[PDB]
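Residues 107 to 263 in the entry's author numbering are what the sequence shown lists, from first letter to last. To start, the structure itself, in structure tokens.
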Amino acid sequence: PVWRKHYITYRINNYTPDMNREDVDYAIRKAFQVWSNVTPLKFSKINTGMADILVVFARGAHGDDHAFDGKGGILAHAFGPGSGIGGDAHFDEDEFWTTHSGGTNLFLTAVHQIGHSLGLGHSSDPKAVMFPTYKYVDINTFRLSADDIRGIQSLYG
Ligand SMILES: CC(=O)N[C@H]1[C@H](OCCCn2cc(CN([C@@H](C(=O)O)C(C)C)S(=O)(=O)c3ccc(-c4ccccc4)cc3)nn2)O[C@H](COC(C)=O)[C@@H](OC(C)=O)[C@@H]1OC(C)=O
Ligand SMILES: [Ca+2]
Ligand SMILES: [Ca+2]
Ligand SMILES: [Ca+2]
Ligand SMILES: [Zn+2]
Ligand SMILES: [Zn+2]
């Protein structure tokens with residue numbers, strides 16, 4: 107249930123019009139960084155070819171048999187480690203993605219979904235990033251909880 111290599115590629119398949127491109131790239135890259143800070147994994151954005159983790163913005167039905175649901179409800183989903191669609195993280199474009207507190211924060215959502223792309227389940231600690239409910243936390247004080255660190259290190263340490 108894990109990536110069996112420690113150099114992992116991602117590609118941004120497409121950009122949400124909600125946010126400037128620069129802010130999308132920065133959110134995503136920072137989100138990956140959160141995990142590469144507590145494991146030996148290295149993440150590399152690529153701009154051509156097939157990436158391990160593909161990052162997709164889409165609405166409703168988008169060709170994976172798990173349609174999204176409009177504004178609210180499900181925000182995003184992600185497939186666990188594997189080939190093809192494995193690892194891929196999809197973000198519901200009917201949300202309003204933002205760099206701060208308005209709408210839904212892309213960074214925080216990405217940290218969570220990349221958790222799942224890496225093989226994590228959910229946490230019972232409301233402080234954890236892998237807690238199952240979205241809430242805006244102070245990104246200046248953001249930090250992985252002990253539960254996240256133990257989970258991720260059990261897979262990749
Ligand atoms: C679990 C849940 O909250 N479901 C909500 C319900 O969701 C239906 C789908 C059930 N569900 C939710 C999830 C968790 N999500 C994904 C996940 O775990 O990644 C999976 C689909 C892959 S998620 O989209 O909801 C999700 C994504 C990111 C995060 C996250 C982001 C940042 C930090 C931490 C967590 C949390 C949840 N799994 N199944 O929608 C309803 C309507 O939504 C509106 C208008 O906001 C919710 O009603 C509200 C807000 O009161 C409803 O709340 C209830 C009763 O469960
Ligand atoms: Ca939705
Ligand atoms: Ca993949
Ligand atoms: Ca949107
Ligand atoms: Zn999908
Ligand atoms: Zn989740």
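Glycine is no exception: its CB is placed at the ideal position from the N, C-alpha and C atoms.
Residue i versus residue j: straight-line alpha-carbon distance, rounded
i	j	result
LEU212	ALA182	10 Å
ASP171	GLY186	15 Å
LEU250	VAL243	12 Å
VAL108	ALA137	19 Å
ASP254	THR145	11 Å
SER150	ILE118	11 Å
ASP158	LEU214	21 Å
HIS196	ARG110	22 Å
Buried or exposed (CB count within 10 angstroms, at least 16 for buried), residue i
i	result
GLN259	exposed
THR210	buried
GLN139	exposed
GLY193	buried
Simplified DSSP state of residue i, which is helix, strand or coil
i	result
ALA164	strand
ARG110	coil
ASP254	helix
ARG117	strand
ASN211	strand
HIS183	strand
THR247	helix
Residue i CB to nearest heavy atom of ligand 4 below 7 Å
i	result
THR122	yes
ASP200	yes
Proximity test, residue i beta-carbon vs ligand 2 heavy atom, cut-off 7 Å
i	result
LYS148	no
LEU224	no
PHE174	yes
Distance cut-off 7 Å: residue i Cβ against heavy atoms of ligand 6
i	result
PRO238	yes
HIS228	yes
Heavy atom of ligand 5 within 7 Å of residue i beta-carbon
i	result
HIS218	no
Cβ-Cβ separation, residue j to residue i (assumed contact under 8 Å), whole Å
i	j	result
residue 284	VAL235	With the chain covering only 107 through 263, there is no way to say anything about residue 284.
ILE114	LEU160	That belief does not hold up - the Cβ atoms of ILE114 and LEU160 are roughly 12 Å apart, past 8 Å.
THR205	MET125	6 Å
Near ligand 3: residue i beta-carbon under 7 Å from a heavy atom
i	result
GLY186	no
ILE191	yes
beta-carbon residue i near ligand 1 non-hydrogen atom, thresh 7 Å
i	result
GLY178	yes
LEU214	yes
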